[PDB]
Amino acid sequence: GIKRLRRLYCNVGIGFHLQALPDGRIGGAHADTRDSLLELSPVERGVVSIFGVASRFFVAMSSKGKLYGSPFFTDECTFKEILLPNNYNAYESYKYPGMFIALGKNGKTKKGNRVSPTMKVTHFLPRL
């Protein structure tokens, strides 16, 4: 079926959308940048892949909790999409339980093993 193309907004700092850059880096952008358009594709129930449409990189997380861009699909590119209050979602590494995607108030990524789902830095609101 169809796959939704959206932006994942983290309400920290001035507000940032998760984005994948053309050089393989992952970060945040306040504006609705082309690199922040993400294709969310279901892998299995409750699990999704997050693909940067423009950069052509999947968002991935290493065993050390580091978010990075993967040019090809792997087992480090899958995340459990967990519903939170007020329609926000947390994204937990499928391969490494307990690690979550997160952006800090400075608009940069945080290590997945240094944040918990109760923290705002792991809360993403699906938008446009």
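Residues carry their position along the shown sequence, with the first being 1.
**Student:** Which has higher Cα B-factors on average according to the PDB entry: 111-119 or 16-24?
**Tutor:** Between 111-119 and 16-24, it is 111-119 that shows the higher mean C-alpha B-factor.
**Student:** For the CA B factor values reported in this entry, which option in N87, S36, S93, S70 has the top one?
**Tutor:** Of the options given, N87 has the highest CA B-factor in the PDB entry.
**Student:** In terms of the chain's CA B-factor thirds, is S49 lowest, middle or highest?
**Tutor:** Tercile = lowest for this residue's CA B-factor.
**Student:** Where does the C-alpha B-factor of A102 rank in its chain, lowest, middle or highest third?
**Tutor:** Lowest third, going by the recorded CA B-factors of the chain.
**Student:** Sorting the chain's modelled residues by C-alpha B-factor, tell me whether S55 ends up in the lowest, middle or highest third.
**Tutor:** Tercile = middle for this residue's CA B-factor.
**Student:** For the chain shown, is the CA B-factor of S62 in the lowest, middle or highest third of its modelled residues?
**Tutor:** Tercile = middle for this residue's CA B-factor.
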